[PDB]
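A.B. asks: can you look at this? It's an experimental structure, sequence on top.
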Amino acid sequence: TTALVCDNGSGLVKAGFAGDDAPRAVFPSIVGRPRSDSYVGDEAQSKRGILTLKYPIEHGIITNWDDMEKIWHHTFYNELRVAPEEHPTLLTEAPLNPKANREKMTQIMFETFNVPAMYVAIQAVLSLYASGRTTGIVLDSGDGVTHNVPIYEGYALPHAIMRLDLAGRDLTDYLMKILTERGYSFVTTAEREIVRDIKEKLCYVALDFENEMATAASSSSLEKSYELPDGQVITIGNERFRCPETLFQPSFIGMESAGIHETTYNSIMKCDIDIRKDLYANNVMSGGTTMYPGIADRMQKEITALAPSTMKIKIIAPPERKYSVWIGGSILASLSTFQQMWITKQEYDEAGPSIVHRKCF
Amino acid sequence: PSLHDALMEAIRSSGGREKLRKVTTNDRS
Ligand SMILES: Nc1ncnc2c1ncn2[C@@H]1O[C@H](COP(=O)(O)OP(=O)(O)OP(=O)(O)O)[C@@H](O)[C@H]1O
Ligand SMILES: [Ca+2]
Ligand SMILES: [Ca+2]
């Protein structure tokens, strides 16, 4: 009678039990094979150098269903150590997830894992719920994709959803590139993991790019020392803010899309004028790639410069926001009122996989 | 008058993550 919460991302699986304050298991959303039959998640990365790793979720959309089944199997049995037949399972989906995808999630849950009940919730909406809100605009940025999702009373507004096909994997790749331009060598998959750790420990968003570039050129005050696993010490400099600057200026990696301040403004402006005041004041940031220090102050500055002069702008950035989607699902699935919202196996038997559009919205 | 309305109210008044049972994460990156 304890529901499960499975938040499947492009880079990370987040899984646990509804009512808990954090997922029990967080592991890479990968399946590896020889370049046993397949390795899933934590064990596939532990042999990352001897296997072809595949990502069944790309840009937040499930695209390899066989490997996804393997991820879901690994989650239930190896990580959560539950029988899925005994637990209602809340899953999460990207914004604008194709109709056919939602149906196959349902079909696999009921027919393959024999769950008693399930549900598919939109990741960004869950993140709003974790912050205690039901109206707002979410900026959700993970490992594969970045969305602005404006939400009125629990309904995402699909005509105003913006996408940016750039997120944490691109930033890691970009930090790798500019660190090698400085002289270092990050080529192996072990070294790419070091760059990801440098990204997550030392990068930040500058309030103003040019001022910060000028400080970094004229002093050592923004340099950081990083100790490598073998004990070597390297110093990181303007790379710390150049890497996440790509979020506001995607041209750095050759993308002519708008930055996240402009997708945020353009998404508010696709919404009816009467709800824009509430959006502007309820700008929730979620996902691992919103974790950079300085990002809320920079966003505040940038949106202020785009918005009417009198508008109250508030950036909300919970300290736990790399798990905000999951925490939202943990909240929703442990509420008394939600218990009639499940799709039941009985409902599934009568209506079929397309029941998911009727009950999950 | 709507189940949806009651759910939205239940979300707003849930006290958020403080009311949730504290657990440990087995966290690989
Ligand atoms: N402290 C941090 N600073 C910067 N980036 C971080 C930090 N912590 C995690 N990340 C990045 O966040 C990403 C994973 O975030 P998240 O779990 O929200 O995405 P996902 O759900 O796997 O992917 P997506 O949402 O794009 O489908 C990784 O790129 C990771 O390196
Ligand atoms: Ca995600
Ligand atoms: Ca540009």
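C.D. replies: Yep, that arrived. Residues are numbered from 1 along each chain as shown, chains lettered A, B, ... in the order given. Ligands and ions are numbered 1, 2, ... in the order given.

A.B. asks: look up phi and psi at residue 28.
C.D. replies: Reading this off chain A. Main-chain torsions, residue A:28, degrees, to the nearest 10: phi -70, psi 140.

A.B. asks: my bad, the chain I had in mind was chain B
C.D. replies: Per degrees, to the nearest 10, the backbone of residue B:28 is at phi -110, psi 100.

A.B. asks: next to ligand 2, which bits of the stretch 101-250 of chain A? Give me the list.
C.D. replies: Counting by C-beta under 5 Å from the ion, the residues of the stretch 101-250 of chain A close to ligand 2 are residue A:142. Where C-beta positions appear, they are placed from N, C-alpha and C, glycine not excepted.

A.B. asks: show me what from the stretch 101-250 of chain A comes close to ligand 1.
C.D. replies: Within the stretch 101-250 of chain A, the positions lying close to ligand 1 (C-beta under 6 Å from any ligand atom) are A:142-145, A:167-169, A:196, A:199-200.

A.B. asks: and the furthest pair within the residues you listed?
C.D. replies: Greatest spatial distance in those: A:145 and A:200, 18.2 Å, computed using C-beta to C-beta.

A.B. asks: if you count what's nearby, which of the two comes out ahead?
C.D. replies: Using other C-beta atoms under 10 Å in any protein chain shown as the criterion, residue A:145 and residue A:200 rank with residue A:145 on top: 26 against 17.

A.B. asks: now do that one against residue A:61, distance only.
C.D. replies: The gap separating residue A:145 from residue A:61 is 8 Å, by C-beta to C-beta, to the nearest Å.

A.B. asks: again, but for residue A:14
C.D. replies: To residue A:61, residue A:14 is 17 Å away according to C-beta to C-beta.

A.B. asks: more crowded one of these two?
C.D. replies: Higher neighbour count among residue A:14 and residue A:61: residue A:14, with 27 against 16, using other C-beta under 10 Å.

A.B. asks: would you list the phi and psi of the closest residue to chain A within chain B?
C.D. replies: Residue nearest to chain A within chain B (C-beta to the nearest C-beta): residue B:20, separated by 3.6 Å. Phi and psi for residue B:20, reported as degrees, to the nearest 10, are phi -90, psi 150.

A.B. asks: excluding its backbone neighbours, what's nearest it?
C.D. replies: residue A:21 (3.6 Å; C-beta to C-beta, 6 or more residues apart in numbering or on different chains).

A.B. asks: hang on, the earlier thing: and the residues of the stretch 101-250 of chain A next to ligand 1 as a markdown table, adding distance to residue A:54 and secondary structure?
C.D. replies: Output for these, formatted as a markdown table (distance: C-beta to C-beta, whole Å; DSSP: H, G, I helix; E, B strand; the rest coil):
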| residue | distance to residue A:54 | secondary structure |
| --- | --- | --- |
| A:142 | 18 | coil |
| A:143 | 15 | coil |
| A:144 | 14 | coil |
| A:145 | 18 | coil |
| A:167 | 18 | coil |
| A:168 | 18 | helix |
| A:169 | 14 | helix |
| A:196 | 19 | helix |
| A:199 | 23 | helix |
| A:200 | 23 | helix |
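
A.B. asks: which one of those residues sits closest to residue A:6?
C.D. replies: Once C-beta to C-beta is applied, the member of those that ends up nearest residue A:6 is residue A:142, at 15.2 Å.

A.B. asks: so which residue is dead centre in the chain?
C.D. replies: You didn't pick a chain, so chain A it is. The residue lying closest to the centre of chain A (C-alpha atoms, centre = their mean) is residue A:142, at 3.1 Å.

A.B. asks: quick one: residue A:346 from residue A:117, how far?
C.D. replies: 9 Å.

A.B. asks: show me the contacts for the closest residue to ligand 2 within chain B.
C.D. replies: Going by C-beta to the ion, ligand 2 is nearest to residue B:29 of chain B, at 14.2 Å. Contact analysis of residue B:29 by C-beta atoms under 8 Å, 6 or more residues apart in numbering or on different chains lists A:12, A:26, A:28, A:193, A:196.
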